[PDB]
Amino acid sequence: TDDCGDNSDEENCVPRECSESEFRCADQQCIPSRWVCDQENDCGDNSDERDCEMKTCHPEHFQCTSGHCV
Amino acid sequence: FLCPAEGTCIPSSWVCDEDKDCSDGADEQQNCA
Amino acid sequence: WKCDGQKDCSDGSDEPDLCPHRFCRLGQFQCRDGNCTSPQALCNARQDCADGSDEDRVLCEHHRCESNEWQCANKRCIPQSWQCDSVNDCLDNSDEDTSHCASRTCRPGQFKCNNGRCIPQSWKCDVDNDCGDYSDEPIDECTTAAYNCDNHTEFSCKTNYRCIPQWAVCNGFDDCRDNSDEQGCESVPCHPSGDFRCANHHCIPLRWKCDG
Amino acid sequence: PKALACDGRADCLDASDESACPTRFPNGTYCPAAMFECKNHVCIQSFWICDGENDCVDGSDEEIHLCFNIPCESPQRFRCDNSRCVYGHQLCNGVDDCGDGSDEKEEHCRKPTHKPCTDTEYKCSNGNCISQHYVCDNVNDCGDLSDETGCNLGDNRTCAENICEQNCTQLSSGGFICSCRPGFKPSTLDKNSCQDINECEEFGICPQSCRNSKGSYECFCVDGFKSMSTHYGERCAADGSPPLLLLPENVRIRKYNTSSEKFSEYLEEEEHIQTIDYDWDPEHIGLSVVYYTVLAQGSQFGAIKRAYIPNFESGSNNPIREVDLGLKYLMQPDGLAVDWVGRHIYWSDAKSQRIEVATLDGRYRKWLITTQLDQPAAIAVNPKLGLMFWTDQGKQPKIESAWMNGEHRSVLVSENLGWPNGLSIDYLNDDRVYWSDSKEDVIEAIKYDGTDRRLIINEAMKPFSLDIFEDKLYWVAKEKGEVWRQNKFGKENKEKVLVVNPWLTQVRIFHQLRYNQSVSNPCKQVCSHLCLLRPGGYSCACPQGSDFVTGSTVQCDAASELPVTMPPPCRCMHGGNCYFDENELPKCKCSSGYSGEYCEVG
Amino acid sequence: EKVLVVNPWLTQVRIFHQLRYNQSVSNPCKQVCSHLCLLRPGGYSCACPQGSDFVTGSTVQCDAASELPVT
Amino acid sequence: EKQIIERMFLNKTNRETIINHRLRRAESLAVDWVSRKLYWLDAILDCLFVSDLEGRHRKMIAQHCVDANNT
Amino acid sequence: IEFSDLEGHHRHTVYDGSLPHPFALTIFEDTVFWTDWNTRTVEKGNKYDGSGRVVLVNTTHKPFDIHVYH
Ligand SMILES: *[C@@H]1O[C@H](CO)[C@@H](O[C@@H]2O[C@H](CO)[C@@H](O[C@@H]3O[C@H](CO[C@H]4O[C@H](CO)[C@@H](O)[C@H](O)[C@@H]4O)[C@@H](O)[C@H](O[C@H]4O[C@H](CO)[C@@H](O)[C@H](O)[C@@H]4O)[C@@H]3O)[C@H](O)[C@H]2NC(C)=O)[C@H](O)[C@H]1NC(C)=O
Ligand SMILES: *[C@@H]1O[C@H](CO)[C@@H](O[C@@H]2O[C@H](CO)[C@@H](O[C@@H]3O[C@H](CO[C@H]4O[C@H](CO)[C@@H](O)[C@H](O)[C@@H]4O)[C@@H](O)[C@H](O[C@H]4O[C@H](CO)[C@@H](O)[C@H](O)[C@@H]4O)[C@@H]3O)[C@H](O)[C@H]2NC(C)=O)[C@H](O)[C@H]1NC(C)=O
Ligand SMILES: *[C@@H]1O[C@H](CO)[C@@H](O[C@@H]2O[C@H](CO)[C@@H](O[C@@H]3O[C@H](CO[C@H]4O[C@H](CO)[C@@H](O)[C@H](O)[C@@H]4O)[C@@H](O)[C@H](O[C@H]4O[C@H](CO)[C@@H](O)[C@H](O)[C@@H]4O)[C@@H]3O)[C@H](O)[C@H]2NC(C)=O)[C@H](O)[C@H]1NC(C)=O
Ligand SMILES: *[C@@H]1O[C@H](CO)[C@@H](O[C@@H]2O[C@H](CO)[C@@H](O)[C@H](O[C@@H]3O[C@H](CO)[C@@H](O)[C@H](O)[C@@H]3O)[C@H]2NC(C)=O)[C@H](O)[C@H]1NC(C)=O
Ligand SMILES: *[C@@H]1O[C@H](CO)[C@@H](O[C@@H]2O[C@H](CO)[C@@H](O[C@@H]3O[C@H](CO)[C@@H](O)[C@H](O)[C@@H]3O)[C@H](O)[C@H]2NC(C)=O)[C@H](O)[C@H]1NC(C)=O
Ligand SMILES: *[C@@H]1O[C@H](CO)[C@@H](O[C@@H]2O[C@H](CO)[C@@H](O[C@@H]3O[C@H](CO)[C@@H](O)[C@H](O)[C@@H]3O)[C@H](O)[C@H]2NC(C)=O)[C@H](O)[C@H]1NC(C)=O
Ligand SMILES: *[C@@H]1O[C@H](CO)[C@@H](O[C@@H]2O[C@H](CO)[C@@H](O[C@@H]3O[C@H](CO)[C@@H](O)[C@H](O)[C@@H]3O)[C@H](O)[C@H]2NC(C)=O)[C@H](O)[C@H]1NC(C)=O
Ligand SMILES: *[C@@H]1O[C@H](CO)[C@@H](O)[C@H](O)[C@H]1NC(C)=O
Ligand SMILES: *[C@@H]1O[C@H](CO)[C@@H](O)[C@H](O)[C@H]1NC(C)=O
Ligand SMILES: *[C@@H]1O[C@H](CO)[C@@H](O)[C@H](O)[C@H]1NC(C)=O
Ligand SMILES: *[C@H]1O[C@H](CO)[C@H](O)[C@H](O)[C@H]1NC(C)=O
Ligand SMILES: *[C@H]1O[C@H](CO)[C@H](O)[C@H](O)[C@H]1NC(C)=O
Ligand SMILES: *[C@H]1O[C@H](CO)[C@H](O)[C@H](O)[C@H]1NC(C)=O
Ligand SMILES: [Ca+2]
Ligand SMILES: [Ca+2]
Ligand SMILES: [Ca+2]
Ligand SMILES: [Ca+2]
Ligand SMILES: [Ca+2]
Ligand SMILES: [Ca+2]
Ligand SMILES: [Ca+2]
Ligand SMILES: [Ca+2]
Ligand SMILES: [Ca+2]
Ligand SMILES: [Ca+2]
Ligand SMILES: [Ca+2]
Ligand SMILES: [Ca+2]
Ligand SMILES: [Ca+2]
Ligand SMILES: [Ca+2]
């Protein structure tokens, strides 16, 4: 986000490393891993909401026939 | 002489004459060894 | 300069009545058959005119050149530093002749190698093998007190006895042959007003900003 | 500068500094007798007369009546048959400098005999005809390290006693100097014995093949190609209908006749098409199937879609109906390849960093390569070799090869590469692979094992894709939006084919010979789900997220899905209009002069 | 409403029809000027080619030489 | 850039070129108001020249080294 | 900037190494004037201690060989 007004902070910028419990969208953005396959477009391009039946999810969830988790 | 790399059957007069007749040259390196 | 458009002499003998047609432009030698060539073509032993008049005996008999050049017995002039370098700058190897390259002396201010090269006096004891015979680098003598760097202006290399001027420090080029002068340029501060700091820690003159 | 006015030389570009001046001499001449006088008062050196250079800006230098009478000499200036003495450098320079192509014809070119040796000369290596006295003087006079061949001293010898194999020369003091007869080279040991050359090995010797023989070679066109000779030389022409180009843009895919030069519409109204590939005439119905990728747009996933293509002549008479394979979760499907033999489709996804395989109907998805891919692009497959090849155009570019089953992955080229965006294989020249760069913008080819790297085309204006067919290599300059062509071995020069759009993302050549149809499927129906290929055989595999049944290697615990059939296509030919009834089956409103259910009867 | 889609090389759309411009508009110029007869509100105005001026304030004749029409 | 030495009056007239030959690389010049002589340095020939203000009678007055040690 | 007796004795620094890149200098009355390459400026100040330093002008091109005409 811009915090200067002339956007000089967000320039010459390399995307940060995602930490242990984050997931990295195709556009190099980091989101909480809980948000993958939760039925919401959290990356903005649905990069989080795919291959969902090819993985399991945290034991407190129920997994849909389509592999999404609630 | 059938050299394995092609499956062709060249005349036996071409064996051990220092000419690489077929691709693998089995008439030189495989027979005259 | 004789027989052209402009009268150069005060007397006017520059342009006599018996003057041939001028076929060439100004400041250019004219061949006897009307061809044109540059003045440097005169008496360089490579015939350039159609008649070879540029190498005529009468013309080249008493040819002389500038103080910064040396003349071979062939009567072709080459820069003074192109003697005794194992390169055939003259045609007849008069520059590289062994009797000459033994007997010759350097012009004032230059050091002589056993090879027969002359070099700048500064080139003596600077690690670089300038003479080819390492005559400019006597290790026993180069490491004595007589060749200490001028501490007002020169920076001393770490791993050898080379001294380089301070303005060569972290300029982005290996000047010490061990990269000593490019170490830790981050600590080097630019002059407060005259320099512009780069993305790297080099300081360049401000006049070089946005020059293209 | 004013000093350059009225001084004989034209110093204005238009010569206007000379074209209006007083007379120079007291008889009205402008120039000395030594110079020529152009009619625009320009002075010019005499020997510049009609040398081909437009010297007088007026053109007075190049009048034919003057040109004919100028003295000339063949090595420096020669008469062209239009009475113009062309400059000798301009013979065979690549340009018709005179208007009949005399200064380009081969007869004054080449060599009549190439200065052949007599008894007074010496052959040296292979024709360096200097005088004979080089014979075994123990000096490398020829320059080529072949001046001394044999050369074993001793006066009382002649090799007619069978000391050397063939074609000696008499040594004055050693009996034999024995250079090899043409088509042979001397062996290291026993140099008197000559080894036959292998002329099939040398790159680009013939359009398709070769047959090494005793001191000679013979080359031929393989099955399906006919021998033809161009003005240059050999061409193996493909039989059947002429090859087509398929041009995918972000909105449509366009067909092109490379023989007729007319476009065809094909698929339209689509959006975000990236790469295509086809499968030639599976059902023998006379219609191939074209597969194409679709990118993710906005917040929506892409697709892989397939549709029929008429092999015959059709346009605006057959509506094109595309279908979706149903591969969800697709984002940047940027490499696509169709395996015609095993009936599998391979693709890469640039977002997901992986290579996937599935059937031609989208069933049984399986991941093949999942690790150490940065941006996988431009996959290709060779069932007749059992290898499939992909490029990576990420931060450390590489070209790799692996078995179709997913094993024996290895790196082919990693040295000196930048954005290898496109990839193609020559099935006739040793399965040699081509790829196109975008940073160094070269096109390069290499053997399939990764040996003999060669830079085939230089300064290719940032190529983006390739196809190789019928001895020529086609590519797309992406920015300029032009399709370009060369002889596939890098010889001769480039040539513009046609210009489309900056939206052009690929060129794919469309012909039955592109992908050899007579390759036999190794699978023997013992494998459920996928039956992948490998060098010399097959391999059974399970879909993603399922394993084999324990103690079995041909059966998996996953279920099976029925094949997904094609909708019936519009098969109308010769401009007959397709039609849909209450049954929604495609039928024909056939044109005049033709009969049949569609238009099949003349 | 979307009409059609083409390459991003498209630079302009222009309607090519007779009624786009009133073809029957009368040319007000009276064959006065030696060179240009430009229009102005309710009439015309003569002008010389670039660099050439009117001779002695004739306001119809310029110092420029007249040039043949190109067909 | 032209490798010439010019002169002109301060009222910006009678501009002329006094030296135009063998001026490989001139660096600095000084005009002698007393003896009406012109002194200038050449960096290529490594010399100090002298001439009258009209640019005639050129003479080399220094070359090579200065100190007794030739340092 | 430094000055000395005409025989080279008794040197005194006016500016102690604070000038970017002087090229030519001239004197009149109490004032040194000099042209500076790095800043492309013409500057003046007291000829003995460098006090009252003032920038006179600053040009696009480098200045060379300033002279006081008097
Ligand atoms: C530098 O510029 C000079 C200019 O002179 C060029 O040198 C030669 O220039 C002459 C110009 O005349 C070229 O042509 C020569 O003309 C001579 C005169 O012709 C006589 O015969 C005719 C017959 O109808 C009469 O009308 C006429 O009045 C004369 O009586 C010929 O005699 C020359 O032929 C002989 O001399 C030349 C060398 O000069 C030989 O090469 C010939 O074999 C022959 O012996 C000739 O026709 C002449 O061609 C120019 N020289 C050359 C070698 O080309 C230079 O060419 C130019 N510089 C360069 C490098 O080109
Ligand atoms: C219009 O007017 C011009 C003159 O204003 C004429 O041009 C002259 O033409 C004559 C006749 O051709 C030229 O004279 C001859 O020149 C030859 C070349 O010599 C050149 O080089 C020498 C040495 O530098 C110069 O002295 C000379 O001027 C030339 O530049 C000579 O070789 C000729 O002499 C030869 O013949 C005589 C016999 O006649 C012998 O005795 C000699 O030994 C020698 O072999 C002769 O001198 C004259 O040079 C031309 N000048 C120019 C400027 O071109 C035009 O011809 C004329 N045109 C018309 C249409 O009338
Ligand atoms: C890309 O562009 C090329 C060139 O335009 C197309 O190829 C042509 O396609 C047409 C249409 O099919 C072909 O026309 C057919 O020609 C047959 C005879 O051809 C032979 O003899 C001629 C003699 O000049 C040769 O030129 C030619 O090479 C062949 O040797 C006719 O027999 C066909 O009509 C007759 O037979 C049919 C049989 O069913 C009857 O139904 C008809 O009533 C009639 O009796 C027909 O006219 C033409 O030959 C092709 N030429 C070439 C150079 O190949 C490609 O098809 C096109 N491809 C695409 C998809 O765009
Ligand atoms: C295109 O331009 C033509 C003119 O070339 C227009 O026709 C004329 O338009 C004017 C202005 O609207 C009308 O007055 C004209 O009608 C007649 O004008 C005379 C005066 O000249 C009156 O006395 C008549 O009573 C009558 O009103 C009309 N006719 C002409 C040829 O002068 C035309 O409208 C225009 N059309 C379009 C499609 O824009
Ligand atoms: C298209 O692919 C097929 C093979 O996939 C090619 O046909 C094959 O051609 C070769 C060479 O003529 C044949 O090899 C020969 O086999 C016989 C034994 O059958 C052997 O005695 C010979 O020495 C030789 O090895 C091969 O049999 C043949 N395959 C079949 C089944 O026909 C075809 O030529 C390819 N076309 C092109 C243009 O690539
Ligand atoms: C550089 O600039 C200075 C200052 O602008 C110029 O000085 C000026 O020189 C002119 C001519 O000598 C002087 O004009 C004279 O003024 C007197 C008094 O008004 C008048 O009686 C004369 O007829 C004449 O017009 C002007 O006063 C003088 N200005 C100053 C401030 O001294 C100088 O000429 C310029 N130098 C060059 C080479 O251009
Ligand atoms: C060129 O400059 C050098 C270096 O300044 C001059 O060398 C000087 O030479 C003299 C005589 O050799 C040296 O004096 C010597 O001092 C030692 C004691 O330190 C004594 O044992 C010797 O007998 C002798 O007196 C002097 O030290 C030296 N210069 C310095 C300052 O070290 C040389 O004179 C100059 N030009 C010439 C003639 O080469
Ligand atoms: C080094 O510099 C100091 C000044 O800081 C000076 O007094 C001394 O003489 C210099 N020594 C050398 C080696 O020149
Ligand atoms: C030697 O070579 C020539 C061709 O240069 C050939 O005609 C001749 O038959 C050869 N001689 C022998 C003995 O093979
Ligand atoms: C020098 O440039 C500055 C802008 O950085 C400007 O304010 C100043 O007026 C200039 N100097 C003069 C007095 O010309
Ligand atoms: C299923 O996926 C979840 C994702 O949170 C965990 O990685 C879990 O351990 C997985 N379980 C299996 C058996 O793969
Ligand atoms: C070399 O130096 C000697 C003195 O030692 C002479 O001055 C001679 O003229 C010099 N020669 C050259 C070529 O400079
Ligand atoms: C051309 O100029 C020359 C100069 O000598 C003569 O005056 C000559 O008479 C002029 N005109 C003609 C027509 O020759
Ligand atoms: Ca989500
Ligand atoms: Ca053999
Ligand atoms: Ca002169
Ligand atoms: Ca010469
Ligand atoms: Ca030399
Ligand atoms: Ca050295
Ligand atoms: Ca440095
Ligand atoms: Ca810069
Ligand atoms: Ca001119
Ligand atoms: Ca010409
Ligand atoms: Ca030519
Ligand atoms: Ca020899
Ligand atoms: Ca052979
Ligand atoms: Ca110098």
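Rules behind the numbers
- Residues numbered from 1 in each chain as written, not as in the entry; some residues may be left out.
- Chains lettered and ligands numbered in written order.
- Part of a larger assembly, values for the part shown.
- Heavy atoms only, no water.
- Helix = DSSP H or I, 4+ residues; strand = E, 2+ residues; numbered from the N terminus.
- Rg over C-alpha atoms; globule rule 2.2 N^0.38 Å.
- Contact = heavy atoms within 4.5 Å.
- Areas by Shrake-Rupley, 256 points an atom, 1.4 Å probe, with all protein chains shown as cover.
- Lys, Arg positive; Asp, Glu negative; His and termini not counted.
- Charge placed at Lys NZ, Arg CZ, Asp CG, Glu CD.
- Donors = N, O, S within 2.8 Å, 3.2 Å for Na, K, Ca; no water.
- Buried < 20%, exposed > 50% of the residue type's maximum accessible area, 1.4 Å probe, protein only.
- Buried area = accessible area lost by both parts, 1.4 Å probe.
- Salt bridge = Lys/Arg side-chain N within 4 Å of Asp/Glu carboxyl O.
- Polar contact = N/O pair within 3.5 Å; in protein donor to acceptor, adjacent residues only side chain to side chain.
- Core = buried A, V, L, I, M, F, W, Y, C linked by side-chain atoms within 4.5 Å.
- Tetrahedral: all angles 85-135°; square planar, octahedral: opposite > 155°, others 65-115°.
- Near = heavy atom within 4 Å.
- Nonpolar A, V, L, I, M, F, W, Y, C, P; charged D, E, K, R; others polar.
- Disulfide = S-S within 2.5 Å.

Per the deposited record, the coordinates in this entry were obtained by cryo-EM to a resolution of 4.2 Å.

### Details of the overall build of chain G
Of the regular secondary structure elements, chain G holds zero helices and six strands. When its helices and strands are written in sequence order, chain G yields β-β-β-β-β-β. The C-alpha atoms of chain G give a radius of gyration of 12 Å, which matches the 11 Å a tight globule of 70 residues would have. Taken over the C-alpha atoms alone, chain G extends approximately 40 × 30 × 20 Å along its principal axes. Pairs at least 24 residues apart make up 29% of the contacts formed inside chain G by residues separated by at least 6 positions. Within the structure as shown, chain G displays about 4,900 Å² of accessible surface, and the carbon and sulfur contribution to it stands at 52%. Charge-centre separation for chain G: the mean point of 6 positive side chains lies 9 Å from the mean point of 10 negative side chains.

### Quick notes on the coordination of the calcium ion (ligand 20)
Residues and elements named next belong to chain C. Protein coordination at the calcium ion (ligand 20): the donors are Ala168 (O), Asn171 (OD1), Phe173 (O), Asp175 (OD), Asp181 (OD), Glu182 (OE) and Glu182 (OE), at 2.3 to 3.1 Å from the metal. For the calcium ion (ligand 20), the single-chain donor residues occur in sequence as A-x2-N-x1-F-x1-D-x5-D-E. Comparing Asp181 with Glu182 shows no difference in burial state: the two are buried.

### Considering the interface of chain D and chain A
On the chain A side, the residues contacting the eleven residues of chain D number 13 residues. Interface area for chain D against chain A, summed over the two sides, is near 950 Å², with a carbon-plus-sulfur share of 54%. On the chain D side of the contact with chain A, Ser299, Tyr329 and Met331 of chain D bury the most area, a combined 53% of that side's loss. Linking chain D with chain A are one salt bridge. Put simply, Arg354 of chain D and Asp51 of chain A hold a salt bridge, and the shortest N to O gap is 2.8 Å. At the boundary of chain D and chain A, one finds five residue pairs in polar contact.

### Overview of the nonpolar core
All names here are of chain D. Core analysis: the biggest nonpolar cluster contains 41 residues, and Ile253, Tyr346, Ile355, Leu368, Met388 and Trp390 have the highest contact counts within it. Element by element, the count of residues in this core is highest for strand 39 (residues 530-534), at four residues. Discounting chain neighbours no more than four positions away, the residues touching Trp390 are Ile355, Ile369, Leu373, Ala377, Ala378, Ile379, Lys398, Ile399, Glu400, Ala402 and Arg409. The next biggest cluster of nonpolar side chains, apart from the first, holds 16 residues, and it includes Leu247, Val476, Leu498 and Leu504.

### Regarding the coordination of the calcium ion (ligand 15)
Residues and elements named next belong to chain B. Within the first shell, the calcium ion (ligand 15) binds the protein through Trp14 (O), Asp17 (OD), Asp19 (O), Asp21 (OD), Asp27 (OD) and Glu28 (OE), at distances of 2.3 to 2.9 Å. Around the calcium ion (ligand 15) sit six donor atoms, and with donor-metal-donor angles ranging over 71 to 163° the site reads as irregular. In the primary sequence, the donor residues of the calcium ion (ligand 15) line up as W-x2-D-x1-D-x1-D-x5-D-E. Overall, the relative accessible area of 0% leaves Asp27 in the buried class.

### Some details on the site of ligand 1
All residues in the neighbourhood of ligand 1 are listed as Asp33, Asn35 and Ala50 of chain C together with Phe47 of chain D. The local environment of ligand 1 is shared, drawing residues from chains C and D. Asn35 of chain C places a polar side-chain atom, nitrogen or oxygen, 2.4 Å from an oxygen atom of ligand 1. When isolated, ligand 1 has an accessible area of 1,000 Å², and the protein chains bury 16% of it. Residue composition of the shell around ligand 1, grouped by class: two nonpolar, one polar and one charged.

### Structural notes on the site of ligand 5
The local shell around ligand 5 consists of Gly7 of chain B together with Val222, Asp223, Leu428, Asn516, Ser518 and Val519 of chain D. Ligand 5 sits at the junction of chains B and D, each of which supplies nearby residues. Measuring from an oxygen atom of ligand 5, one finds a side-chain N or O atom of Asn516 of chain D at 2.3 Å. Residue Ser518 of chain D places a side-chain N or O atom 3.4 Å away from an oxygen atom belonging to ligand 5. Relative to its unbound accessible area of 780 Å², ligand 5 is 31% covered by the protein chains. For the shell around ligand 5, the per-class residue count stands at three nonpolar, three polar and one charged.

### Remarks on the state of the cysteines
With the rule as written, the count across this model stands at 45 disulfides over all chains. There is a disulfide in this structure between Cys72 of chain C and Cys90 of chain C, and the S-S distance comes to 2.0 Å. Measuring the twist about the S-S bond at about 100°, one finds the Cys72 of chain C-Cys90 of chain C disulfide to be right-handed. Of this pair, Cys72 of chain C sits in the loop between strand 3 (69-71) and strand 4 (77-79) while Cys90 of chain C sits in the loop between strand 4 and helix 2 (98-103), and the two are 18 residues apart along the sequence. Each member of the pair, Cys72 of chain C as well as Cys90 of chain C, carries the same accessibility label: buried. Paired by a disulfide, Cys136 of chain D and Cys151 of chain D hold their sulfur atoms 2.0 Å apart. A torsion of -70° about the S-S bond marks the disulfide between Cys136 of chain D and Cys151 of chain D as left-handed. Pair noted here: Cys136 of chain D is in the loop between strand 6 (130-131) and strand 7 (169-171) and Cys151 of chain D is in the loop between strand 6 and strand 7, with a separation of 15 residues, a long-range link. Across the pair, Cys151 of chain D and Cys136 of chain D agree in class, each one buried.

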